[PDB]
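S.K.: Sending over a structure as structure tokens; questions will come in a sec.
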Amino acid sequence: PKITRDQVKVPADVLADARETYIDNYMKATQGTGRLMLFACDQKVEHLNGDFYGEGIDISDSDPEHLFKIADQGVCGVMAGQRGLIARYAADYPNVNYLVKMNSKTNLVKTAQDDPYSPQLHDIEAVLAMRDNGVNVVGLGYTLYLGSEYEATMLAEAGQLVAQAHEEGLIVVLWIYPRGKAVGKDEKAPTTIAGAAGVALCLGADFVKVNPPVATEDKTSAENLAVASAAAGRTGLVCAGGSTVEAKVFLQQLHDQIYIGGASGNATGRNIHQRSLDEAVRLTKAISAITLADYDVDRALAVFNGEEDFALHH
Amino acid sequence: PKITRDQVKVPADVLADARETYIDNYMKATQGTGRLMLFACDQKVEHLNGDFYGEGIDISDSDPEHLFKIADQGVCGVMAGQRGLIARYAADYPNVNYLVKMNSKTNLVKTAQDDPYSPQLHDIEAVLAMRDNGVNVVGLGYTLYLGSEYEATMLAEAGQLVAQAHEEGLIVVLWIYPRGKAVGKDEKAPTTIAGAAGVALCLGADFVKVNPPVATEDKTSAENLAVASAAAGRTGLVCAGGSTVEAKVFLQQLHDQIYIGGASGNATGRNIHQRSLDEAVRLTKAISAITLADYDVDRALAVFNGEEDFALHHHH
Amino acid sequence: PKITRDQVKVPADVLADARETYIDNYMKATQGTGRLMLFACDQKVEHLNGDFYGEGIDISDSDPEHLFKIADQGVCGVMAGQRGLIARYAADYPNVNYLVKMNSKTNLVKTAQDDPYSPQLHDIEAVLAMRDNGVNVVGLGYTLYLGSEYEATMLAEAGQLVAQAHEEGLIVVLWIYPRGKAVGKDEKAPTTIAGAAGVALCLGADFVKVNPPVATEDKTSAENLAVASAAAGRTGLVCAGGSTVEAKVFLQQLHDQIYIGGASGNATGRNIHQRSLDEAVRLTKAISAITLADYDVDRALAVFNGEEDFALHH
Amino acid sequence: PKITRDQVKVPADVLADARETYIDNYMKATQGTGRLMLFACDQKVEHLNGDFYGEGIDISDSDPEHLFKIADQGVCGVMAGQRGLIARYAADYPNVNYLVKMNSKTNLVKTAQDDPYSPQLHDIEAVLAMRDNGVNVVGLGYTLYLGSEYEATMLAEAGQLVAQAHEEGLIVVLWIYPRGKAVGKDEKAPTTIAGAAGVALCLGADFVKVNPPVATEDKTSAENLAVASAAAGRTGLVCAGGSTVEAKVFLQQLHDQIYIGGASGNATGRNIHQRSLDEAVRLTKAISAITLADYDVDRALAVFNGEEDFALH
Amino acid sequence: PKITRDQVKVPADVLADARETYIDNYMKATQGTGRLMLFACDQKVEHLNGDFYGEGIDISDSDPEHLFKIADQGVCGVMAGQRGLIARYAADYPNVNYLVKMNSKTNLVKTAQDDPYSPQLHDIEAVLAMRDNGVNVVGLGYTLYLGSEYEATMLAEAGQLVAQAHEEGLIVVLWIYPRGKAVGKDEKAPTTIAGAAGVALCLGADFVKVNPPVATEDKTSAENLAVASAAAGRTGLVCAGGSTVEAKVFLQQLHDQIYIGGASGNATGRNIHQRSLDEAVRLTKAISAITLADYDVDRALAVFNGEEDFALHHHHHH
């Protein structure tokens with residue numbers, strides 16, 4: 001798609017003096033399309049070194065600079081990573097739209113031992129200082145585990161964060177993953193994903209990242225996602241394709257999520273960075289072709305296979 | 001009914017420089033009647049998507065803009081919702097009296113697993129900033145689960161919030177639902193509802209939203225509510241009708257709660273928004289007809305059934 | 001008794017520019033006698049509606065304004081109530097000495113389920129703003145459950161509160177009720193009450209409200225209380241008479257607590273407010289007669305029965 | 001012993017503008033000797049009324065004013081008490097060096113029920129305001145229960161407290177009593193006491209109060225204490241003689257703690273205050289004679305019996 | 001090795017007006033080499049008096065001034081210790097690069113009883129005040145136990161600390177020891193060590209201190225460490241040699257860790273301070289010779305044995 005500055009709907013918690021900044025950031029993050037292509041680079045904490053070294057993982061992924069190379073050479077809307085990770089590389093990679101992921105936890109403590117809690121790692125002022133030091137921070141990210149016994153803590157953190165972010169004209173993406181004792185088998189039930197989507201709207205987020213819901217007898221995964229996209233209202237819903245599948249199967253999933261599921265984009269992590277730099281760059285281009293330029297699966301697969309190139313300036 | 005500005009009892013925690021604002025907000029919230037018709041739109045967190053999509057729920061309710069269309073085209077005192085929900089739509093719906101619901105939780109953790117706790121989602125300054133950016137925020141809302149093992153945290157948050165709200169001349173509605181291990185079967189006992197109403201006054205609330213108490217051998221639900229309205233003193237008690245009954249039964253409950261139970265208004269949520277826009281608008285008009293304009297049940301039912309229209313009698 | 005401004009002992013934590021305000025408030029609270037007659041109106045939270053409606057309770061008590069009428073038309077030293085309760089009526093009842101009860105809890109969670117904790121409901125600044133809006137706030141109240149597993153939270157709240165109160169020249173009354181798993185059986189042992197009294201001094205309170213200790217083989221309740229009054233040193237101890245006894249027994253209990261037990265006054269709640277307005281007013285006059293003006297039990301009983309009037313000026 | 005202002009080692013967290021104040025306070029607290037005689041008056045919270053009324057306790061101890069009379073009439077380095085207790089009496093007892101005990105707990109919850117936690121009762125600003133109102137506050141006290149499940153909370157409180165106190169040129173004494181599930185039988189083991197003393201230094205304390213360690217087969221209590229005094233480095237270690245025992249045995253214990261155990265003084269509570277005023281005052285004089293003036297046990301006992309007097313001049 | 005000021009990569013969270021200070025501190029800490037020789041003196045809290053008195057520990061280690069004498073007479077990059085410890089001695093030992101260890105806990109509560117938590121002991125402002133009072137504070141240290149049930153608290157303290165330190169131009173060393181019920185036997189698995197190293201980067205640390213990983217069928221300890229050094233990216237990884245091996249084996253471990261494992265330095269505590277002053281000083285010199293001056297194991301061992309002296313080659317960092 002394509003949008004103008006005037007088409008950006010500025011929420012009422014973005015103050016008058018931050019209005020233009022917010023529009024700048026929304027236009028950057030969505031690359032002037034209204035759609036969010038998110039490259040997720042926050043998994044060094046979440047899964048430790050699991051997604052970065054081992055069987056089936058390209059050796060270049062063992063070096064963190066790999067992520068910044070992909071973001072710089074590939075086509076993405078935003079690169080989402082922890083403040084410190086961005087801090088150590090952004091000087092050499094200034095032409096990326098950075099989304100600072102505000103909280104993180106490891107996966108060492110499993111749900112069965114204790115419900116998940118992912119704490120805000122630092123205040124917003126630390127991000128603002130970095131922005132004021134030349135870093136192109138366009139927004140913030142935060143994860144909520146609804147149904148966790150620690151839900152309250154994350155709700156309180158997330159709610160305050162969205163307010164402060166919009167005060168500064170930063171966009172906000174919430175990862176909402178209902179997880180815990182209470183949730184169990186219902187983790188990817190259609191109602192759970194839809195619930196998650198509605199909560200992000202109520203908190204004031206610009207975008208919400210959810211798991212794709214399971215297919216039911218009644219509906220496909222994408223068809224169930226439509227309910228969640230509706231529930232999120234003026235908050236854009238972004239989803240994920242399976243990390244395990246073929247490149248064409250993956251691109252088909254993303255296409256369905258947008259055109260049948262009503263998603264406003266996607267969030268892709270290990271599926272990109274576990275590949276060699278060349279193949280990873282080609283994948284981001286194929287993903288962005290669907291997400292930002294309305295390419296059908298066939299033409300996107302051509303981009304991935306290197307038969308065609310893709311650039312935003314056309 | 002009708003009240004004038006001079007009939008508004010300004011409590012002593014509304015400071016001199018916030019007095020006129022408080023009166024403005026009290027008049028707006030009650031539509032110049034002293035009665036509170038509250039349209040509850042906070043349940044997207046509370047019950048996730050359960051109240052907004054599924055069997056018996058109109059397809060229009062799956063879009064959250066439905067709620068703002070109802071508040072704007074219907075007749076309500078206030079629309080109560082989370083800060084973020086209001087933020088995303090308020091610019092396109094400016095002519096609504098907003099009550100910002102300060103806390104929320106999901107219903108995923110049941111009481112049997114752990115006692116309930118609903119945390120304040122952000123500071124009051126976030127709401128004030130939104131107000132100063134042109135949003136018609138008239139007051140704040142907050143839920144307390146008395147008898148929860150987490151009661152103390154909610155008492156501390158609510159107490160401070162009432163003081164800060166009145167400092168700014170905003171009205172405060174407290175939802176008080178005693179819930180927990182300790183409460184159980186006594187959730188809707190007359191003594192419990194009365195206890196809840198009394199606590200809200202001590203915290204300094206302008207209004208308290210409680211469950212209707214169960215009927216006993218000696219007294220009806222509405223008759224038992226009278227004890228709670230009394231306990232609340234100068235804090236107005238608002239109640240709710242059954243979400244499950246027929247429209248006439250619902251409107252009778254509301255009438256009885258006011259005229260027998262001594263309620264100063266009502267809070268209605270899913271009973272409104274689960275209906276199509278037209279029928280939802282008609283229901284807000286029927287409710288407001290009773291609450292704001294003293295309509296008989298019969299005449300209110302005619303508004304619900306579309307036989308008569310309803311608009312506000314006086315504007316201030 | 002009778003005291004002058006010069007006889008008021010100003011503690012060292014009352015700052016220089018707050019000295020006169022502290023003296024004003026001490027003279028008001030003690031009605032120029034040094035003795036504290038406290039009318040407790042904080043039980044709408046503590047016991048919910050149990051103390052205000054039901055059998056043996058006058059129908060007028062179901063309306064909260066009843067409490068303010070009693071305080072206005074009766075004779076009291078201070079009326080103790082929550083900030084919010086006071087806020088709703090004080091404009092219509094300005095000529096009362098208000099003591100703002102800073103913390104409260106309900107009685108729904110029993111000790112056997114979990115140890116008690118009563119949280120500070122707001123900051124002191126909220127009380128100060130109400131004072132500066134013309135409410136005659138002479139002091140603050142706070143409850144500590146010593147021996148509770150939540151003891152530490154209340155000790156930290158109380159200690160800070162006393163310091164800030166005296167900084168502003170407000171008086172402080174601490175309710176100290178040892179309660180919890182650890183206490184149980186010993187709630188009203190002489191040593192428990194004496195311990196409670198001593199702690200209030202160490203926190204720096206002007207007055208401490210305790211339960212009366214049980215009688216022992218060796219000593220009467222009042223005799224056991226003498227040990228607690230001694231332990232409290234320059235902090236005045238106040239106590240309560242039995243809730244369910246005859247008015248003459250009750251007044252004899254208060255007299256004993258003062259003259260045998262060394263109490264500096266009393267705190268009475270439901271015994272007063274559960275009565276009809278006229279009888280409630282007479283009881284406050286009878287209590288104040290003993291506490292403030294040194295009446296014997298007979299003459300005070302005569303005041304209760306309406307054979308004699310009582311007022312402070314004369 | 002005797003020290004001059006120049007001999008006071010000012011730690012580097014005492015800021016330039018607080019330097020002279022710190023020296024003033026160190027000289028006051030140690031009475032110009034470098035040794036700390038601490039009179040402990042904080043037990044009204046710690047053990048409720050148990051140390052102040054009952055069998056074997058003099059009747060005068062039931063009135064809290066007893067504590068201040070002793071502090072003023074006897075000879076002490078500092079009087080350690082809660083802020084509130086000091087607030088109610090200090091106006092009538094201005095010539096005492098006050099140490100404000102910043103945290104307290106009661107003894108109602110035993111270790112077996114739950115591990116101990118003693119919370120900071122108020123901010124430091126509260127003490128500073130009292131100081132600026134003319135109260136002679138020379139420093140602060142704080143208790144840590146290492147090995148408690150609540151250890152972390154007390155470490156965070158104590159660490160910040162030391163920094164702020166030195167910023168204001170106040171001295172800091174830390175009570176360190178390892179206590180909890182994890183400690184149990186090891187409460188007064190030589191390694192435990194030495195561990196405690198080392199932690200105080202790491203937090204930046206000027207002095208540390210510990211229990212004396214038990215005797216072992218190889219070493220006496222006092223001999224075991226030397227290890228702790230060494231571990232404490234430039235933090236002075238103060239100890240305690242056996243609670244309300246014989247005056248001679250008590251003074252002999254304190255003497256051994258200093259000259260064999262390497263202690264920099266003592267912290268005494270109920271052994272002093274549970275006595276009648278006169279005898280309490282004489283005991284403070286006897287304790288001070290050993291701690292401040294290097295008296296042997298025999299001459300300190302003479303002071304206790306009133307056969308000799310003892311003063312700072 | 002040797003680096004110049006221009007070769008120091010200044011992260012983007014070090015603000016414009018803190019940049020020169022940050023470089024000053026990075027140059028001081030690494031002695032102008034880019035390598036970190038860290039002398040750890042924080043174990044008086046961590047292990048109580050266990051590392052400082054007892055069998056096989058020199059009697060001089062029972063006096064804490066021992067640590068400052070070693071730091072002053074030996075050759076070290078930074079001396080890491082608690083704020084209080086540093087405060088009591090720093091005036092008499094001004095010519096040391098101090099790293100203030102921000103958190104500490106005792107070892108009294110074992111994992112089996114409760115997962116570990118080491119709390120921040122005071123605010124950063126306390127350290128800043130000391131720096132402005134003349135103490136040569138070059139950086140801060142903090143320990144995180146990943147996989148502990150208290151992981152969240154430490155993540156939050158550490159993240160905020162890194163941001164604040166860099167705002168002030170201070171370097172940051174994170175000790176990251178995954179520890180807890182959830183970790184157990186996996187404490188020193190190669191993947192665990194690599195995970196820990198990667199987290200330190202994400203928080204924004206300048207250096208990360210980890211345990212050496214165990215050897216596996218496939219790889220030696222040092223070969224396994226290479227994966228962790230890679231995961232840490234632009235955060236320098238520092239490791240440790242065994243405390244109970246012979247001096248030669250110890251110095252060989254450190255050498256392997258650098259040249260095979262990709263370490264940017266080392267952290268050594270009790271192996272130094274449990275020795276007599278003279279021997280301790282000689283060991284720091286041996287370690288620093290490998291770490292800062294690229295010595296072979298054999299020539300470093302000669303320094304340890306007192307056959308040769310060792311001093312720094314370059315002092316362009318004043």
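We name chains A, B, ... following the order of the structure tokens; residues begin at 1 in each chain, and ligands are numbered from 1 as shown.
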Which neighbours of segment 179-191 of chain E fall inside 9 Å, counting only C-alpha atoms, when residues of the same chain fewer than 4 positions from it are skipped, and could you give them as a PyMOL selection string?

M.R.: (chain A and resi 48-50+53+108-110+113) or (chain E and resi 111-112+114-116+144-149+195-196+211-216+221+224-225+227-228)

S.K.: Can you write just those residues out, N, CA, C and O atoms, as a compact mmCIF listing (two decimals), in the first residue's frame?

M.R.:
```txt
# COMPACT_ATOMS: atom_id res chain seq x y z
N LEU A 48 18.60 -17.26 24.57
CA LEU A 48 20.05 -17.28 24.78
C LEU A 48 20.81 -17.42 23.45
O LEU A 48 20.58 -16.62 22.54
N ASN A 49 21.71 -18.39 23.34
CA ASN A 49 22.42 -18.59 22.07
C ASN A 49 21.75 -19.63 21.16
O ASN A 49 22.26 -19.93 20.09
N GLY A 50 20.60 -20.13 21.59
CA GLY A 50 19.88 -21.19 20.88
C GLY A 50 19.52 -20.91 19.44
O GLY A 50 19.59 -21.80 18.59
N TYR A 53 23.43 -20.24 17.09
CA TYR A 53 24.50 -21.20 16.86
C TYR A 53 23.97 -22.61 17.07
O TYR A 53 23.23 -22.87 18.02
N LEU A 108 15.32 -19.87 30.60
CA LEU A 108 15.84 -20.89 31.51
C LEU A 108 14.77 -21.38 32.48
O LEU A 108 14.65 -22.59 32.71
N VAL A 109 13.99 -20.46 33.04
CA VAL A 109 12.87 -20.83 33.91
C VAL A 109 11.65 -21.13 33.04
O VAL A 109 11.11 -20.24 32.38
N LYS A 110 11.24 -22.40 33.01
CA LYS A 110 10.07 -22.81 32.24
C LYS A 110 8.79 -22.48 33.02
O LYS A 110 8.81 -22.40 34.25
N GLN A 113 7.85 -24.40 36.16
CA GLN A 113 8.57 -24.00 37.37
C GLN A 113 7.97 -22.74 37.96
O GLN A 113 7.70 -22.68 39.16
N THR E 111 21.62 -22.48 46.89
CA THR E 111 20.64 -22.62 45.82
C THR E 111 19.49 -23.57 46.16
O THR E 111 18.32 -23.25 45.90
N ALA E 112 19.83 -24.71 46.75
CA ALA E 112 18.84 -25.71 47.18
C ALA E 112 17.77 -25.14 48.12
O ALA E 112 16.63 -25.60 48.11
N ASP E 114 17.11 -21.55 48.27
CA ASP E 114 16.49 -20.47 47.50
C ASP E 114 17.43 -20.02 46.39
O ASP E 114 18.65 -19.95 46.60
N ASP E 115 16.88 -19.73 45.22
CA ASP E 115 17.64 -19.19 44.10
C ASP E 115 18.38 -17.90 44.50
O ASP E 115 17.89 -17.16 45.35
N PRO E 116 19.55 -17.64 43.90
CA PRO E 116 20.35 -16.49 44.33
C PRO E 116 19.82 -15.14 43.84
O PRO E 116 19.24 -15.04 42.75
N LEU E 144 24.91 -10.91 37.52
CA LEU E 144 23.57 -11.42 37.22
C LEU E 144 23.56 -12.94 37.25
O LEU E 144 24.42 -13.57 36.63
N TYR E 145 22.60 -13.51 37.96
CA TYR E 145 22.37 -14.96 37.92
C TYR E 145 21.18 -15.23 37.01
O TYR E 145 20.04 -15.22 37.44
N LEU E 146 21.47 -15.46 35.73
CA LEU E 146 20.42 -15.84 34.78
C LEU E 146 19.85 -17.18 35.19
O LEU E 146 20.57 -18.02 35.72
N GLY E 147 18.55 -17.36 34.97
CA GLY E 147 17.89 -18.61 35.31
C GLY E 147 17.52 -18.76 36.77
O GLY E 147 16.89 -19.75 37.15
N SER E 148 17.92 -17.80 37.60
CA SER E 148 17.43 -17.70 38.97
C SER E 148 16.00 -17.20 38.93
O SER E 148 15.63 -16.46 38.02
N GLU E 149 15.19 -17.58 39.92
CA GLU E 149 13.84 -17.04 40.03
C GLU E 149 13.83 -15.52 40.28
O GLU E 149 12.81 -14.87 40.13
N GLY E 195 25.32 -18.28 25.97
CA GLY E 195 24.09 -17.54 26.26
C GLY E 195 24.34 -16.35 27.17
O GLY E 195 23.90 -15.23 26.89
N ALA E 196 25.07 -16.60 28.26
CA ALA E 196 25.44 -15.57 29.23
C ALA E 196 26.22 -14.44 28.57
O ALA E 196 25.95 -13.27 28.81
N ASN E 211 32.25 -18.00 33.52
CA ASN E 211 33.03 -19.18 33.85
C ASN E 211 33.58 -19.81 32.58
O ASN E 211 32.97 -19.68 31.51
N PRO E 212 34.74 -20.50 32.68
CA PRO E 212 35.15 -21.31 31.54
C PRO E 212 34.16 -22.47 31.33
O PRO E 212 33.75 -23.10 32.31
N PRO E 213 33.76 -22.73 30.08
CA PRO E 213 32.91 -23.89 29.80
C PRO E 213 33.68 -25.20 29.93
O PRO E 213 34.89 -25.22 29.74
N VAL E 214 32.98 -26.28 30.25
CA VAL E 214 33.60 -27.61 30.28
C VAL E 214 34.07 -28.04 28.89
O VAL E 214 33.55 -27.57 27.86
N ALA E 215 35.07 -28.91 28.86
CA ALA E 215 35.46 -29.59 27.63
C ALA E 215 34.37 -30.59 27.26
O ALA E 215 33.67 -31.11 28.13
N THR E 216 34.22 -30.82 25.96
CA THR E 216 33.29 -31.83 25.45
C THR E 216 34.07 -32.82 24.58
O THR E 216 35.27 -32.63 24.34
N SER E 221 37.94 -26.90 26.39
CA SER E 221 37.34 -25.78 27.09
C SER E 221 37.51 -24.47 26.31
O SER E 221 36.53 -23.76 26.08
N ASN E 224 35.49 -24.30 23.09
CA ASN E 224 34.10 -24.00 23.44
C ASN E 224 33.87 -22.52 23.78
O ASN E 224 32.84 -21.95 23.43
N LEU E 225 34.85 -21.92 24.45
CA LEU E 225 34.82 -20.50 24.81
C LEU E 225 34.79 -19.57 23.60
O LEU E 225 34.23 -18.47 23.67
N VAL E 227 33.05 -19.81 20.95
CA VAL E 227 31.65 -19.60 20.61
C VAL E 227 31.03 -18.48 21.46
O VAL E 227 30.27 -17.65 20.95
N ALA E 228 31.39 -18.44 22.74
CA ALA E 228 30.91 -17.41 23.65
C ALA E 228 31.50 -16.04 23.32
O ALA E 228 30.78 -15.03 23.37
```

S.K.: Pick out the residues sitting within 10 Å of residue 302 of chain E, and hand them over as a ChimeraX atom specification; count only C-alpha atoms, and ignore anything fewer than 5 positions along from it in its own chain.

M.R.: /E:248,282,286,297,307-310

S.K.: Got time to write the residues from that selection, N, CA and C atoms, as an mmCIF file, in the first residue's frame?

M.R.:
```
data_model
loop_
_atom_site.group_PDB
_atom_site.id
_atom_site.type_symbol
_atom_site.label_atom_id
_atom_site.label_comp_id
_atom_site.auth_asym_id
_atom_site.auth_seq_id
_atom_site.Cartn_x
_atom_site.Cartn_y
_atom_site.Cartn_z
ATOM 1 N N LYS E 248 51.882 -22.816 36.307
ATOM 2 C CA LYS E 248 52.083 -23.046 34.875
ATOM 3 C C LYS E 248 50.782 -23.419 34.154
ATOM 4 N N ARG E 282 54.075 -10.989 42.150
ATOM 5 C CA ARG E 282 54.692 -11.693 41.020
ATOM 6 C C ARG E 282 53.674 -12.382 40.107
ATOM 7 N N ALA E 286 52.901 -11.821 36.153
ATOM 8 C CA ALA E 286 52.831 -12.942 35.211
ATOM 9 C C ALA E 286 51.554 -12.895 34.368
ATOM 10 N N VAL E 297 53.791 -18.491 27.660
ATOM 11 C CA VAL E 297 53.612 -19.083 28.988
ATOM 12 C C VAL E 297 54.949 -19.200 29.737
ATOM 13 N N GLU E 307 62.412 -14.806 38.264
ATOM 14 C CA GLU E 307 63.598 -14.836 37.413
ATOM 15 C C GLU E 307 63.726 -13.560 36.584
ATOM 16 N N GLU E 308 62.589 -12.968 36.230
ATOM 17 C CA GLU E 308 62.548 -11.699 35.504
ATOM 18 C C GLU E 308 61.516 -10.794 36.156
ATOM 19 N N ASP E 309 61.741 -9.487 36.092
ATOM 20 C CA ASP E 309 60.735 -8.524 36.529
ATOM 21 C C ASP E 309 59.761 -8.255 35.376
ATOM 22 N N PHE E 310 58.644 -7.590 35.666
ATOM 23 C CA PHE E 310 57.735 -7.121 34.618
ATOM 24 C C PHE E 310 57.150 -5.751 34.941
#
```

S.K.: Taking only C-alpha atoms into account, report as a ChimeraX atom specification which residues of chain E lie within 7 Å of chain D.

M.R.: /E:44-45,48-49,62-64,82-85,87-88,90-91,106,108-109,118-123,126,130,133

S.K.: Find the residues near residue 271 of chain D: any atom within 8 Å, counting only C-alpha atoms, skip ones fewer than 4 places away on the same chain, and give them as a VMD selection string.

M.R.: chain D and resid 243 to 245 275

S.K.: Given the selection you just returned, output its residues as a file containing C-alpha atoms, formatted as an mmCIF file, in the first residue's frame.

M.R.:
```cif
data_model
loop_
_atom_site.group_PDB
_atom_site.id
_atom_site.type_symbol
_atom_site.label_atom_id
_atom_site.label_comp_id
_atom_site.auth_asym_id
_atom_site.auth_seq_id
_atom_site.Cartn_x
_atom_site.Cartn_y
_atom_site.Cartn_z
ATOM 1 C CA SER D 243 24.278 -10.611 79.392
ATOM 2 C CA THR D 244 23.557 -9.635 83.005
ATOM 3 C CA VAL D 245 26.307 -11.779 84.540
ATOM 4 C CA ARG D 275 20.455 -2.074 87.049
#
```

S.K.: Residues of chain A within 7 Å of chain E, counting only C-alpha atoms, what are they? List them as a ChimeraX atom specification.

M.R.: /A:44-45,48-49,62-64,82-85,87-88,90-91,105-106,108-109,118-123,126,130,133

S.K.: Where does DSSP see alpha helix (DSSP H) in segment 116-302 of chain A, if you list the residues as a count of residues only?

M.R.: 90
